[PDB]
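Visitor: Next up is a structure, given as structure tokens.
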Amino acid sequence: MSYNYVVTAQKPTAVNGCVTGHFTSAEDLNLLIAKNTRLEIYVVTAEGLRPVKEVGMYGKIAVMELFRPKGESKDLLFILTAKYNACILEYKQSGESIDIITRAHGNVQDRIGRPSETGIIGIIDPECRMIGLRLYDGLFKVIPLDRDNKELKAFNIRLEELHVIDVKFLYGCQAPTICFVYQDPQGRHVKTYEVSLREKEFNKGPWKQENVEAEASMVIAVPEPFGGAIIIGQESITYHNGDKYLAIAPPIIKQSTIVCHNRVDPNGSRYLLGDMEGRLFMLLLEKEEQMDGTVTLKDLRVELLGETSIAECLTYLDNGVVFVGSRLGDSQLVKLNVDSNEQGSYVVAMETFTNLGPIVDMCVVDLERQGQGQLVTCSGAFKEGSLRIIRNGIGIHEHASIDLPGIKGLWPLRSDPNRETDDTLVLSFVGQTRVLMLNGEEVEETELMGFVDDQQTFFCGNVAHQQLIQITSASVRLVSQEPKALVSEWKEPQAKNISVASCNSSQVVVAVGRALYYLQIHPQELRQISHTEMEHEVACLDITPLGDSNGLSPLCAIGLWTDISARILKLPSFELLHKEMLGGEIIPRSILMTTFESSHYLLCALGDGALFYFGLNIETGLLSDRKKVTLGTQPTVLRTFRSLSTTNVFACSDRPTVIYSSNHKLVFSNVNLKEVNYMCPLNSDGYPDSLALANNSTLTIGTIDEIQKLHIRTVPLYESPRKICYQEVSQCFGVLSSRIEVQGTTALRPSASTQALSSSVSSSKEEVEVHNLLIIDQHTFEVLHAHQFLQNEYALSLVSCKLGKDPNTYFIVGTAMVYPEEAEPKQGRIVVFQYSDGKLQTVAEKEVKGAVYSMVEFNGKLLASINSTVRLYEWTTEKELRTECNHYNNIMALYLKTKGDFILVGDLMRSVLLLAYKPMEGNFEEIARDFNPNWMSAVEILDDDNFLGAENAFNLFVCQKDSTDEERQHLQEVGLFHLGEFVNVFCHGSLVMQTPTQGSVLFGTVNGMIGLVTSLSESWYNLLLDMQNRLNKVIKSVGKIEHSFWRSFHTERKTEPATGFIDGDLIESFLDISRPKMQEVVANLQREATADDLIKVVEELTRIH
Ligand SMILES: Nc1cccc(-c2nc3ncccc3o2)c1
């Protein structure tokens, strides 16, 4: 009935978990990071983190632990998903190919069972005897680790303690033993049990229970030789080992709850601890010797090390390097020093990794140019709060601009053999060459002895033996560096024109029609080595040396006319090693051998904007795994360049692109420039690490931004942003923010709301939240003004609009007065503000008897939701809000969107409702509601007949009118899809410059994932649904989870297959399967579709984000 397509624009960035161990090999130290559905694998080096493999799971990662059974040469990986898919995984690398093998899998959900409120805990016995899971209160699930248990069959043990806080397996025990903290009416306690595989039951544990602190929250299992357990609370740290009990109460930890730990030393002598304010501590266990050679714990000390991002997880990585995994801010690599700095910190940040999450609100604005949307998010929380400005494509920073038309090629060179930097740029034109010298920033015409100016140059550069080369249509010219003189000249035997040229430091291959000549560069000598006659006219050549080659290529890559082939030839014989026919009647224009992330590729661009690429074996010359993308509609010219110590390929066309590698796959990112015809890298005194760019009329010099799909600007607020709106007439944003103060109440640090240029305060008629409206400049993101709300006043909703016949644009804020014992608020305000002359003036107020959860401008009026009421206000001539009409049939109306006279209302627990304003009756009519209960997080109107909801269990659904009257009032859920993210905000718009899809809705999530929803025809839906089913038969999923299971709508009330939703991430993955697989997919598929049809289809779909 409705057909929707959902695709990832930005993968989740929040770190949900981290572990270290030896997974990729026994001798590698690995960091594994869980980002919701993604697992990232790194090798830890001196240099830092090298990425080796990133995979997606068809599940949310809830447990991630490395372990090593006897007989295994390296660690295996246990994963449990939030839908209770369990697997054991093994890393396998066969040559260049890397695969995650599933050693065991099965689903471990029970039939009855309310998910424990305090979440899934999974733990692994140190001796790998069993995996233990706390999934539900009152039960402990055991998976025995026998070699025969490939289905991960489990049994449940009754657990008398219903409210477990945390649990670990202990070290040094003859039977598998758990230690856990639990809560009962008498307080919190620590207890142990042995786990008997024979009896499938608990036995008495080795040490008796103790009462612990009221807020004891984490258990640490300390390795031998200590053994035992550390229990971390809010004001105490205790150690237990039976006839051993030791407790400290250090004041230094009392300010903020400690929420994560990591073992620094294998023997447990030191642990890192992180708290909710980003403090990093070291916990030190002091040893005492004993006559019998055991070691017991003498004392415990805690030392403040410094400050990090607020850590969800910590991993020590050796040599003082710590990974800080953050959910609420950026993740980091930090270094711990033995000696402190000026301010007394041992912590120095080394590297920052972007986290957009949580995205709590966002808007789309054309900040810089018309038609180019940028997303501005409210990101992070507490000291990590920020605005983030997100935009597609890679920028260039122009540093020079010369009027100079007709350029046909650019080459840099070093005219001085004693200087490392380029000082010369050679330009070709039709039939001519010009040399430009660079003196700092000055760029000046000149001659260069040895080079000719009256022929077109096809290549020039530095070559071996301190020489320069120029290849023109007439000859190859070899020039000495000191002095500049012609030392050798090569011409074809009858002096026919050269038509194509390739060159490296010591080798030359030139074409003359169908003839090829191979030359070597020697001292004062161009030596002709060999020649051949190709079957067809030569279109393009490359001899870029790859790998451990010593600057020499044994291969020549060639593109031919007529048969449209890309071929690899051996030098010097010119023997054919491999031929690929590219199809069509349009010749290759650019061919390049290149390396990315240590793998070799052949790139071949046609004159129609097609780019083919292949794996290249530089030993055998074999091309494999052909792929194709379209980079424009014009001939593309390819050229290698380096930035940030990485070689990439710049593709010149009508749509300039950078080609690079990410997770050992080629990626393509737009450069934000108009048409570029030619380019070369340029690294001169005045223009270090730059690019020279030419179009039809202009030569530019500039630097390039980071090579990535999306560019992100961060604006730190040092406090929690809550909502955002743009006010075009003021050229600024309004942002609701809150900061924590401690009760007179005192602030913890300066932040946006206490550092505005000017400030104002409302006048009345982790201790406390103080709320503010910030006014922020759209260009500088400076905080121009901050208005502080009343004590106990929480700002919930924000809109920028005009009302009635009043020409002013206002910022309007809806609030709640929050008191401790109230089930919900019974008081709040709507406040209308005018931003004028650097400050917010209060124009009007309205007291209401509830929380103002949501507001929208509606046909020149103000729509607001207040507790269980939706209300429409008019703006009177006396500049006051006056109630027009009310709707009462809600539990708690949290979310509003409107289109025309229609209003979509999202409820706390009864899903969505459609209202209409009746302009000829001045009131609301309830049109229809979704009678299925759903706990809503966000809503959006897709169009007049289709309503999108997100709910708290990470599902999307789509409702439509069912086209009796009682019947017309029943909205139908026609689309269902498990997304696996928590949606905070939907907003209409696109990051692409303004096909199979209609409409564009972006969403922002808690994990900092950004998605897109668009609409499909029935026809397109049917084709893509068929593709999915076929893809699902050929793709091997990690952990052998079925895609259909993953995407099934799932709440406590209802599990059903997905319907009316295409998984764009799955569809896009078609462009990464093998050619056989594509054939399997494309067989007997409705017109009988071919692989190459689908490739093109999936490209039109990738361009929507
Ligand atoms: N050297 C290198 C290259 C590319 C990506 C990364 C990286 N991205 C991360 N995101 C979160 C946490 C840790 C991370 O490390 C690191």
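Visitor: Starting from the range 96-177, pick out the trypsin sites (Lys or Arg not before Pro) whose DSSP state is loop and whose Cβ has at most 14 other Cβ atoms within 10 Å.
Guide: Numbers: sites: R103, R111, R129, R134, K141, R147, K150, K153, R158, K168; in loops: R111, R129, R147, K150, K153.
Loop-located and lightly packed - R111, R147, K150, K153.
Visitor: Order 727-739, 581-593, 322-334 from most to least packed using the mean count of other Cβ atoms within 10 Å. Working shown, then result.
Guide: Values: 727-739: 20.5, 581-593: 17.7, 322-334: 23.9.
Packing order, densest peptide first, comes out as 322-334, 727-739, 581-593.
Visitor: Follow-up question, since we're still on this one. If only Cα atoms are counted, what is the Rg of the range 817-885, and what is its Dmax, in Å?
Guide: Cα only, the range 817-885: 13.4, 41 Å (Rg, Dmax).
Visitor: Please find the FRET efficiency linking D99 to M581, where r is the Cβ-Cβ separation and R0 is fixed at 45 Å, and quote it to the nearest 0.05.
Guide: Details: r = 30 Å, r/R0 = 0.68.
Approximately 0.90, to the nearest 0.05.
Visitor: Give the dimensionless ratio obtained when the Cα radius of gyration of the range 226-372 is divided by 2.2 N^0.38 Å. Mind dumping the intermediate values first?
Guide: Working: Rg = 19.4 Å, N = 147, 2.2 N^0.38 = 14.7 Å.
This ratio for the range 226-372 stands at 1.32.
Visitor: Right, next: Out of the trypsin sites (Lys or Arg not before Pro) in the range 398-482, which ones are loop residues according to DSSP with at most 13 other C-beta atoms within 10 Å? Intermediate values should be presented prior to the final figure.
Guide: On the way: sites: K408, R414, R419, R434, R477; in loops: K408, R414, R419.
Passing sites in the range 398-482 are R419.
Visitor: Which whole-number percent gives the relative contact order of the range 526-615, counting Cα pairs below 8 Å spaced six or more residues apart?
Guide: Values: 193 pairs, mean separation 21.0, N = 90.
Once normalised by length, the contact order is 23 percent.
Visitor: Hey, what's the Kirkwood Rh for the range 1-132 if you take every pair of different alpha carbons, in angstrom? Before the final figure, lay out each step's value.
Guide: Working: mean 1/r = 0.0612 Å⁻¹.
Mean inverse Cα-Cα distance, inverted, gives 16.3 Å.
Visitor: Rg/Rh for the range 989-1055: what does it come to with C-alpha atoms and Rh from Kirkwood?
Guide: Details: Rg = 15.4 Å, Rh = 15.0 Å.
Expressed as Rg/Rh, it is 1.02.
Visitor: Would you grab the residues whose amide H sits under 5 Å from the one on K60? Only those 5+ places off in sequence or on another chain, please, with H modelled 1.01 Å from N.
Guide: Here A82, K83 satisfy the definition.
Visitor: Something else about it: Modelled label-to-label distance, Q370 and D806, 7 Å Cα→beta-carbon offset: nm?
Guide: 3.1 nm
Visitor: Next question. What is the set of long-range amide H partners of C540 at a cut-off below 5 Å, with H atoms built 1.01 Å from backbone N?
Guide: Under 5 Å from the amide H of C540 lie the amide H atoms of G559, each far enough along the sequence or on another chain.
Visitor: Which net charge results when you count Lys and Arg as +1 and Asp and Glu as -1 among the other residues whose beta-carbon is under 14 Å from that of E420? Before the final figure, lay out each step's value.
Guide: Numbers: positive: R414, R419, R642; negative: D416, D422, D423, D685, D689.
It works out to a net charge of -2.
Visitor: HN-Hα J couplings of the range 109-118 from phi, Karplus 6.51/-1.76/1.60, θ = phi - 60°, integer Hz, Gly and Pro as x?
Guide: Calculated HN-Hα couplings, in order: 6, 9, 7, 8, x, 8, x, 3, 4, 8 Hz.
Visitor: Another question, then. Using only the Cα atoms, what convex hull volume per residue in Å³ does the range 892-933 have? Could the numbers behind the result be given before it?
Guide: Working: hull volume 2.5 nm³, N = 42.
Hull volume over Cα atoms, normalised by residue count, gives 59 Å³.
Visitor: Something else now. Based on the Cβ-Cβ distance from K491 to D416, what FRET efficiency comes out when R0 is 35 Å, to the nearest 0.05? Walk me through the numbers on the way to the answer.
Guide: Working: r = 29 Å, r/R0 = 0.83.
The formula returns an efficiency of 0.75 here.
Visitor: Follow-up question, since we're still on this one. When the Cα centres of the range 1028-1053 and the range 759-809 are compared, how far apart do they sit, in Å?
Guide: Centre-to-centre distance over Cα atoms comes out at 46 Å.
Visitor: Let me ask another. Once Rh is set to the Kirkwood radius over Cα pairs, what Stokes-Einstein translational diffusion coefficient, in µm²/s, holds for the chain at a temperature of 37 °C and a viscosity of 0.692 mPa s? Numbers along the way, then the final one.
Guide: Values: Rh = 33.3 Å.
Once the numbers are plugged in, D ends up at 99 µm²/s.
Visitor: From the phi of every residue in the range 851-857, what ³J(HN,Hα) in whole Hz does the Karplus formula 6.51 cos²θ - 1.76 cosθ + 1.60 yield, where θ is phi - 60° and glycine or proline is x?
Guide: With coefficients 6.51, -1.76 and 1.60, one gets 7, 8, 6, 8, 9, 9, 5 Hz.
Visitor: If eta is 1.567 mPa s and T is 4 °C, what Stokes-Einstein diffusion coefficient results for the range 556-610, Kirkwood Rh from Cα pairs, in µm²/s? Intermediate values should be presented prior to the final figure.
Guide: Details: Rh = 11.8 Å.
D, rounded to a whole number, is 109 µm²/s.
Visitor: If R₀ is 22 angstrom, what is the calculated FRET efficiency for the pair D265 and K208, using the beta carbon separation as r and rounding to 0.05?
Guide: Values: r = 29 Å, r/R0 = 1.32.
Computed FRET efficiency for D265 and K208: 0.15.
Visitor: Would you mind checking which residues have amide H under 5 Å from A938's amide H? H placed 1.01 Å from N; only 5 or more apart, or other chain.
Guide: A950
Visitor: While we're looking at this one, here's another question. Per residue Cα convex hull volume for the range 598-700, in cubic angstrom?
Guide: Working: hull volume 11.8 nm³, N = 103.
Hull volume over Cα atoms, normalised by residue count, gives 114 Å³.
Visitor: For the range 395-501, what is the Kirkwood hydrodynamic radius in Å, using each pair of distinct C-alpha atoms? Don't jump to the answer; show the numbers that get you there.
Guide: Working: mean 1/r = 0.0684 Å⁻¹.
With all distinct Cα pairs of the range 395-501 included, I get 14.6 Å.
Visitor: In Å and whole numbers, how far do the C-alpha atoms of the range 786-850 stretch along each principal axis, longest first?
Guide: So the three principal-axis extents are 42, 25, 15 Å.
Visitor: How would you rank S553, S345, going from fewest to most other Cβ atoms within 10 Å of each one's own Cβ? Mind dumping the intermediate values first?
Guide: Numbers: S553 20, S345 15.
Arranged by neighbour count, lowest to highest, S553, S345 become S345, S553.
Visitor: Taking 7 Å along the Cα-to-C-beta vector as the label spot, tell me the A349-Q432 distance in nanometres, rounded to one decimal.
Guide: Placing both labels 7 Å along Cα→Cβ, they lie 5.3 nm apart.
Visitor: Ok, one more. Just need the relative contact order of the range 433-518 here, percent rounded to a whole number, with Cα pairs under 8 Å and 6+ apart. Numbers along the way, then the final one.
Guide: Details: 159 pairs, mean separation 16.0, N = 86.
Once divided by the residue count of the range 433-518, the mean separation gives 19 percent.
Visitor: Taking θ = phi - 60°, what integer Hz values does the Karplus form 6.51 cos²θ - 1.76 cosθ + 1.60 yield along the range 1057-1072, in sequence order, with x for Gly and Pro?
Guide: x, 4, 8, x, 9, 9, 7, x, 4, 5, 4, 4, 5, 3, 6, 10
Visitor: In the range 609-674, which trypsin sites (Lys or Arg not before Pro) fall in coil by DSSP and have 12 or fewer other Cβ atoms within 10 Å?
Guide: Passing both the DSSP loop test and the Cβ count: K674.
Visitor: Another one. Would you calculate, for the chain, the mean residue ellipticity at 222 nm contributed by helices, counting each DSSP H stretch of 4 or more residues as -39,500 (n - 2.57) and dividing by all residues, to the nearest 500?
Guide: Working: 6 runs with 51 residues, N = 1105.
Value at 222 nm, helices only, nearest 500: -1500 deg cm²/dmol.
Visitor: Between the range 617-657 and the range 483-545, what's the alpha-carbon centroid distance in Å?
Guide: Answer, in whole Å: 24.
Visitor: Here is a further query. Grab the other residues whose beta carbon is less than 10 angstrom from that of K298, score K and R as +1, D and E as -1, and report the net.
Guide: Values: positive: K287; negative: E286, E288, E289, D299.
For residues surrounding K298, the net value is -3.
Visitor: Taking all pairs of different Cα atoms in the range 105-206, averaging 1/r and flipping that mean, what Kirkwood radius in angstroms comes out?
Guide: Taking the inverse mean of 1/r over all distinct Cα pairs, the range 105-206 comes out at 14.0 Å.
Visitor: Something else now. Could you give the nm distance between label points at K665 and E117, where each point is 7 Å from its Cα heading toward the beta carbon?
Guide: The answer from the label model is 4.2 nm.
Visitor: Ranked highest first by the average count of other Cβ atoms within 10 Å around their residues, in what order do 769-776, 695-702, 1057-1064 fall? Mind showing how you got there, number by number?
Guide: Details: 769-776: 23.9, 695-702: 16.6, 1057-1064: 22.1.
Result, highest mean first: 769-776, 1057-1064, 695-702.
Visitor: May I pose another question? Compute the separation of the alpha-carbon centres of the range 229-299 and the range 426-478 and state it in Å as a whole number.
Guide: 70 Å
Positions of Cβ are generated from backbone atoms using ideal geometry, with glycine treated the same way; all protein chains shown enter the neighbour counts. Here, each number is a calculation from the coordinates, and none is a lab measurement.
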